[PDB]
Amino acid sequence: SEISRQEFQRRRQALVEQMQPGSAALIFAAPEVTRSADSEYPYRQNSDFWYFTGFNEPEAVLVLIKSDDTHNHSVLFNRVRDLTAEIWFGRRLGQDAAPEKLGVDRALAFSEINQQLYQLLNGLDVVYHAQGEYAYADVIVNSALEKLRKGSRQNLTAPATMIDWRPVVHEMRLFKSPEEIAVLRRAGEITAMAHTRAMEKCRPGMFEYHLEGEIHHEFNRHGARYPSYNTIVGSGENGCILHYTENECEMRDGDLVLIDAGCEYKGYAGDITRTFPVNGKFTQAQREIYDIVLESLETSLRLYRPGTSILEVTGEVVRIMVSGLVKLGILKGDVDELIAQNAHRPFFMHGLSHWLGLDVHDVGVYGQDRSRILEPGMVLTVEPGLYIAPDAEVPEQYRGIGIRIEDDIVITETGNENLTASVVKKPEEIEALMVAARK
Amino acid sequence: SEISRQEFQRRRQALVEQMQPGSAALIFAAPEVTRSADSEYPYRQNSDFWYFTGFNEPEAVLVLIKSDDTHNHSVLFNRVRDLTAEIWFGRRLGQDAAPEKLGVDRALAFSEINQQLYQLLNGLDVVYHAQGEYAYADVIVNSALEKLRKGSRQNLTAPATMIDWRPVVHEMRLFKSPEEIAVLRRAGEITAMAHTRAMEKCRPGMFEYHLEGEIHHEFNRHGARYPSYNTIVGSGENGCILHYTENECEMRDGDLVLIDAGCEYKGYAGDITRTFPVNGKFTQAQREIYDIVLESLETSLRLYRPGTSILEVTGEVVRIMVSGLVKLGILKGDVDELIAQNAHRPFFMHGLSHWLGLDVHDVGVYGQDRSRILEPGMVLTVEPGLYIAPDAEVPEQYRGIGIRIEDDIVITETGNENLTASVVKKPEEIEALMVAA
Amino acid sequence: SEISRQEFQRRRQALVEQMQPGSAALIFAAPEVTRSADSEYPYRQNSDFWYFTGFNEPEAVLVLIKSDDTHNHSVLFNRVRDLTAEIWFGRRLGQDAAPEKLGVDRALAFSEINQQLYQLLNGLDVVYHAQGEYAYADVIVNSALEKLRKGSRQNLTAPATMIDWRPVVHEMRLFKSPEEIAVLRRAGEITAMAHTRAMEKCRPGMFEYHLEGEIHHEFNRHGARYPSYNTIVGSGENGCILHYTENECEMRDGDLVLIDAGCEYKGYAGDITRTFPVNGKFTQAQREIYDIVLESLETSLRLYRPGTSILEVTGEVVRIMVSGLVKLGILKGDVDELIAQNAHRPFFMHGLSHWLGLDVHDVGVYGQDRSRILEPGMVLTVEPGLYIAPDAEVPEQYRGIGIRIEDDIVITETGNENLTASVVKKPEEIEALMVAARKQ
Amino acid sequence: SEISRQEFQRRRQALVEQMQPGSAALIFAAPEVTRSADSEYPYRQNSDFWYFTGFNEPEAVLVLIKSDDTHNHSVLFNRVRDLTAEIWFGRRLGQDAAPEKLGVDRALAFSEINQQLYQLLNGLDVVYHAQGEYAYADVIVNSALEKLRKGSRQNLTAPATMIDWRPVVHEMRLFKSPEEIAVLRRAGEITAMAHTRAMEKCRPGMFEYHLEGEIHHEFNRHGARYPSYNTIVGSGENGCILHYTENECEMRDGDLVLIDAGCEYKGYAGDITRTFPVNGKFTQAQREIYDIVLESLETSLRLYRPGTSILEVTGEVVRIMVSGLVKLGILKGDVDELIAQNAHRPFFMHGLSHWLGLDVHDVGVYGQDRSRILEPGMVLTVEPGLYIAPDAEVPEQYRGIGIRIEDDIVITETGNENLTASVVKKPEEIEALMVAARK
Ligand SMILES: [Ca+2]
Ligand SMILES: [Ca+2]
Ligand SMILES: [Ca+2]
Ligand SMILES: [Ca+2]
Ligand SMILES: [Cl-]
Ligand SMILES: [Cl-]
Ligand SMILES: [Cl-]
Ligand SMILES: [Cl-]
């Protein structure tokens, strides 16, 4: 599945529809970033720039100009064709091919942006710009505006109003289109296959990073070259560290391993977490904590629908966790009083759900305490966890256990669709997958 | 193979030995860098900081203080132990464990660097600093120096002299120790296994990125998590693009595929290129270009020894390429006259060799036109290539052929050791490897 | 005359009246500036900050908050009372006294601005800020907005809209109130007395800077401590340089001296130019150029009124200059063709008029080629000049003559009032003035 | 009096003599600074750039190149001749005339500095640069060094060593040459005449700023257009504020007025303070505080010579002040015990002396607590003062009295020469001066 050219054009038009007459919106590409000396990390395009273009080059800027309520047009600044630079560093779209290829009206060389951008902004009332995201973009925009301001003698005038397009554009990204849902569905499936494979390959004596290796190969195999974030493989006590990425230890017989990994497929993130026994079997104590986390996840999946919120569902999860922890003797007291003192917090210290999309922690307004009412098209994770520190003042069999289980869902008219249910999470299904893989 | 804590201590001592009495050298960690929004690329430590510490955390600064010709000591700034931040983001070494763990005398909190660095520089004559590498580091240093200049009412004085330590440190990195050679040997072996595997797995209909996938899994399997640079898999006309990284096309029956890939193992880069037929069988035309490149590589491997240079060996490679290209009718004329007008350059447009180490294009002075005399301990690549553009004015059969073959070597007393010879490059050995797979 | 507390309060309300509900306008004080090492130039407050406060301290910010269409309030950030710093560097207003003294509702310490400004912008839709004027102000505003953007976990939201208040505020400054016109009148008078005195004191052998000294002492004498711009005293060929400030030569018998100087009185600029013979007698050649410049000025003074423009009046001046220059043989040809070829430009290369106010080159939209229709309340200069270079290809006797004559006017309902007519400009009146002063 | 061409050339050679072979020293002009909108304050050249050139234009850089122990040469970057810009804004020296006029070997356009500076630094071992003085200068130098670091392919190499020339140059400025002493002598005399005139013109009912006006007119009259710092005229309680510059109050019959003012003459600062009665007649209480300050100054003037220090002389002044204050009942107790607990500090809270030169608070190392041994050619102020706050707990008649008296001296072989003695400071000479101006 892919995003069509017609979809990119739709997005641009929807932004233009919300712009004032006499305005221009400026969307800048991400800079290339150094990894060490003259080598660079693999390029990752700014999510917003990508959302409106599908264009994966640096040194580019999209300018949408709304002259009035019917007339509008697009100008792309991008790198010029250069035979030498392309033999060396890769093909460039260039100016001639860009209009037909990206569906923009005009293309100009990026090297000319300071000579041209002020001419595009001249006489407009409003400039839309995401200030403070990239210093290089701010320099370009502020110089343009400064030429216009200081140029009353050449009959230049600057727009007096600057508006951040992020609130509106992030609100657009919060609501996935059917094409985006299908892409995220594929991201979820690829990611689920990677987690399935990790479970099938895991043996005591392997290192955490070996599972990372299996996961990334599976991502790549389906055309998702890069992870959407750094892969976490935390065995034993490392499971109690939420964003553990060192992945450097030998996995022990008798420990759990927690894998939090997600692919990036056509820009969109998958984000799954599975925790499972390194040896293919849960200890009593591991099963007991696992079942509480599973029940929390399974309940959240049943509950999530239009009209509730992350806050409301979180309240039910807390109740389940506190009840479960009291049965096991990890917490002591009355359930309702313990909920009122947030006594679960030493053991479950993060949110249940975040938005998901072109960024793994995707954009969009959550409301106070994530109280925003859910509607169809919203995509989010569900990631309950319990983490019992190695030195926690609790019964001893539970120490050093870190468990999180996470799926990705999209809210529909009647509930939600689970995008990552094709990788097992029921403990008996995990044991059957693994024990079968040993033979 | 690995770098011992005692080697890290020896490198620090060798820098201190070169420092003036009454001085301090400052070596800053790399910043974390954004990939998108709040997500970051996997951390890569500054190569020079790493060289002196083996420490893979950001927000750290190594300060070596030479008080005089016999007394010296080290202070590390690094992140404080923080239970919450570690639960969330990973273990930190902290201050208590750092002295014993890294072999430094004192450790202080990085968040205190602005209150403490000026006190360490106060009264010294010289500060050693790599200016312009990281903006955050320059701010810290300039701010410390400024407090000293402007604090005479508090009996503070600034060093009047700042010296770039990079020329000296890079000259040290140019000459590999036996430990380093053994690490680079392992990197070469791991990288070669990855290239072997790519050749064994390649079939028409697979995509370029599938070979990248095979290569990275093999890197990871041997404990080299990350490539030393972005992997190149250029099939067909994509082979004619030197740093082709899109790796997005279907590999066609009848095309060559060029793979440029290297692992990073304990900080050190492997760097191999192999070109081979996607279908396991060179066409006649592909074989004819391949043999010229291979002969260039083989002659280079024969010649590289102490007392010659990259420039000198390049001269021999140019002669082989020009002769070969005349024989095939790609160039027309007298060999010596064609060499004199650099007629090879449309087809071979890059250098033959670069230094190799903590960076794939490693530090160290090359001399004018890479004329520097080679000595034992230098590690370099040998990467001849020929690239015939799809529109080049040459016999039709050679158009769109891009071939590079690259090995990594270390100069020894009597020649060089080839670190990456365990992956085949002879055309018959390539064909035999691919059928057997 | 001065600007009353009620007037400053009126200006703030007029800005607030134009602001959107749910907004804040931020107006920052000028930074102190180094003259050399640890010494600073005498403080000059930002003109816009001054317009709204009358407050002459650095490290201060005015915040006007419009909660909705009826509720609004003001917060001033300014330097705290500090006994030690004040013993050393001067009295500070501080937080307790500021509300009553400046007519603001609240005052907070400037050192707390990063901890407080974001709290004031939180939940607002619009922030009004003059971006790019001061780097230190941009850093403060951007940090506040950044804390709000990234503080959604703390229920913080940033205004999505930033609007430059300069177009509106500069449009307000373009139209002077009666109190402002009375202040500018006094500035014009003080400045005229300084130019009168310079004419009276000038003798051959004195240096150009001596006249500068006379002028500045006169400004100071009436309570205008500082000039509104760097004084120009160009004798001989130095008169042909428009902003000649070196003022370093001996004034020669036979040369003209051109003096361009203006006081700054309660923030407002006077701006006069007079040119006169160093020896008290215009030669024939000097008098012939002078008369053309004078006729241009006197005619522009009649012409300027509501309904015309600087461009239209400039057209009339060009005609007078070209006709005059043809009569002397400085230009050759037909008058109308020469006008069409802008043949006057080697001799008159600057504008006739600029706005005048808290800045000598005051703010306000001119329109294309200064074509904006004039209305009552606008204040402007009228400054025709003719500058014949020492090597220009003309009758020899005109070489090295630089003459400018400049008055300040305010447009009224039926014409304009000349604010600087109390210093003479008719050549006979100049000669007569120089004769009476030398009898002492 | 002025600085000759030979002396500017001598200063340059003395710096070059201290430079390492294979090096270049860079000295940058001060930026123009805004006063308001498009108007600028009168240009003030950087003191160090001035010291080595006598050149009063912005957009200029002096480059001294020491090739080896015998060969050296100078390159000036400065503004190009531009007929239009000069008609508008003033004459420029330009490139053709600069060599002969300033005594430099070559002159280039400032607009070419980025294309040329790296070529001058190429292959050198050391660059001397005052880092952190001007941000515009640091950008230029860093950009040059960066082009050189990355230009090994074009056979460029950067100096690996940067040295701050300020310590050496400021040490040169600390020791005045005969030409400099003559110029400072003239500055002292101009400044003394201005203070004499203020005393002669002062009447009750005049404002503080009127005396400022008299002072500045007198500076200007002798060819010193600008003060070396902001003039202070503090009458009454305003005298108790050290750098009181508001100068806005009506001077009252019965008050003292304290005037701290100094001219700038050919770049060098005068710095005088005189305090005197607005009405021309010291009261008993004013005279009593005055005499202690005067004794402190006269004693300092007799003591300052080679081999003592500002710290040592300050100790004597503290003794005089404490004794005097005990005699009046302002301090109570034993003199030596009061000295030991620095009981003078509420009344005398600043230093006795600072260096004087191209900056009023001139450059040069003072040593800890100003303990550096004085030698011939050092120039310094002597400025004892007593300030009794309006609310101080002392006999009523001393409240609100602020008195400072300040002269400028140059240390000589056998003592010092007082550069500002031509303005009276004895209380009976002040009264007689004022009475004579009134008759
Ligand atoms: Ca997640
Ligand atoms: Ca290579
Ligand atoms: Ca004017
Ligand atoms: Ca002083
Ligand atoms: Cl471009
Ligand atoms: Cl820290
Ligand atoms: Cl404050
Ligand atoms: Cl220039």
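In chain D, numbers come from Swiss-Prot; the residues present are 2-440, in order.
So this one's X-ray crystallography, 2.4 Å, going by the header.
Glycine is no exception: its Cβ is also placed from the backbone N, Cα and C atoms.
Same-site candidate for Mn(2+) 1 binding, as annotated by Swiss-Prot with D:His355, D:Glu384, D:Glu407, chosen from D:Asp272, D:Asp292, D:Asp335, D:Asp337: D:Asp272. The Cβ of D:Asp261 (Mn(2+) 2 binding site) has D:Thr232, D:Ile233, D:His244, D:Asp272, D:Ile273, D:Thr274, D:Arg405, D:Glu407 as same-chain neighbours under 8 Å, each 6 or more residues away in sequence.
The secondary structure of D:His355 (Mn(2+) 1 binding site), as reduced to three states from DSSP, is coil rather than helix or strand. Cβ proximity to the Mn(2+) 2 site centre (mean Cβ of D:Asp261, D:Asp272, D:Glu407, cutoff 8 Å) flags the following additional same-chain residues: D:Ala262, D:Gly263, D:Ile273, D:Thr274, D:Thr382, D:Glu384, D:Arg405. Sitting within 8 Å of the Cβ centre of D:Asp272, D:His355, D:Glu384, D:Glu407, and not among those site residues for Mn(2+) 1, are the Cβ atoms of D:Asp261, D:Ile273, D:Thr274, D:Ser354, D:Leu357, D:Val361, D:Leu381, D:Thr382, D:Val383, D:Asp408, D:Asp409. Secondary structure from DSSP puts D:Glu407 (Mn(2+) 2 binding site) in a beta strand. Annotation for D:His355 (Mn(2+) 1 binding site): spatial neighbours D:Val361, D:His362, D:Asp363, D:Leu381, D:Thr382, criterion Cβ-Cβ under 8 Å with sequence separation of six or more. Annotation for D:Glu384 (Mn(2+) 1 binding site): spatial neighbours D:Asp272, D:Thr274, D:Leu298, D:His351, D:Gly352, D:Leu353, D:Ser354, D:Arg405, D:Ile406, D:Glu407, D:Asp408, criterion Cβ-Cβ under 8 Å with sequence separation of six or more. Mapped onto three states, the DSSP output places D:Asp272 (Mn(2+) 2 binding site) in coil. Under DSSP, D:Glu384 (Mn(2+) 1 binding site) is assigned to coil, being neither helix nor strand in the three-state scheme.
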